[PDB]
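Okay, handing you the structure first.
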Amino acid sequence: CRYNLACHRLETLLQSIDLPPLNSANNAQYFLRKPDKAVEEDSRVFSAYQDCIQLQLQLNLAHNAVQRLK
Amino acid sequence: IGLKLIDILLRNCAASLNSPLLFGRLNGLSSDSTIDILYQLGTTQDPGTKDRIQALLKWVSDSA
Amino acid sequence: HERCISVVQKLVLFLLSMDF
Amino acid sequence: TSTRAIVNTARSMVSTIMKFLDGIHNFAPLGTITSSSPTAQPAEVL
Amino acid sequence: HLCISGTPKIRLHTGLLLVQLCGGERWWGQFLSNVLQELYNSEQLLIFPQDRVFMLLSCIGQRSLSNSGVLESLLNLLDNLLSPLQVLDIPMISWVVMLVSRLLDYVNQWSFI
């Protein structure tokens, strides 16, 4: 339940994330100086992404522990 | 020149050793700026409005 | 090295064609 | 005409690519300091 | 399938694996240019780590630069991309030139670069 909730969080945060293509000078500047809002979005995504990975490991361990007993 | 501008923003922005070239930019690239320009051209009420819309639709059909 | 000249010639044209 | 006569010095995707491949900065420490006078004390401490 | 979307270790090993196996084939340089054309032309909508894949391609070309076809084909792509001067795809040209520049310098006044 929690891992699905964490996975849902990652999707909601990423659905507002956009990747400019590297085909214009304005896009090059985007990559050169990440604007503060862009930096914050990456910080939230990284924090949220860590939660998903932690819960993914626990879910596999919980599945593996339950499978050992079964 | 509205048709020329539509061609520049949508179709071909290249210049028409001293002559201007403007080879440096991809055709049809969009930004907030180009979108605003295209919207004001489309929704501006004037004799040319129809023709401009026509050009837009033409570019659509051509693309398809 | 004829193709080398071609690319170099086109590179110079690019150099000479560079604008804003 | 002037737009024809100028090249943009603003950094572009080539500079971004170079950055991806790994206010002013002091390069003296990276350099080697010598003197033409044979009797001068070595100046690397500078 | 693997180098574009794969993990960094899979990406790295697939690239290095491809060099060790097919780096010495005549079509190898064409493959690199075709990959370069397909992946970095401005008509490509595929989203992938261009920078990471480009680093791989630069690495791959260096490890296969003994094959004369690598630089030959890369310059042919640059030749074809610049033909409009003699429409130019400046982003594609930038990728090709930087790849070609890094490969050639592996082949002092330019040390500032």
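A few notes on this one:
By written order: A, B, C, D and E. Residues from 1 in each chain.
What we mean here is this: contacts are C-beta pairs under 8 Å (C-beta built on N, C-alpha and C of every residue); 3 or more make two chains touch, one makes a residue touch a chain.
Each chain gets a centre from its C-alpha atoms; the one nearest the centre of all protein C-alpha atoms is E. Across the two interfaces under comparison, C-E and A-E, the one joined by more C-beta contacts turns out to be C-E.
In terms of their C-alpha centroids, the spacing between chain B and chain D amounts to 43 Å. Chain D has its Cα centroid 38 Å from the Cα centroid of chain A.
Remark: chain D and chain E have CA centroids separated by 28 Å (rounded to whole angstrom). The set of chain A residues that touch two or more partner chains comprises 22-24. Within the complex, the chain B residues that touch chain A are 25-26, 29, 31. Within the complex formed with chain D, the residues of chain B that make contact are 18-22, 24. By the touch rule above, chain A contacts chain D in their complex via residues 22-23, 25, 27-29, 31-32.
Remark: chain D residues 8, 10-13, 15-16, 19 touch chain A in the complex. Residues 3-8 of chain D touch chain C in their complex.
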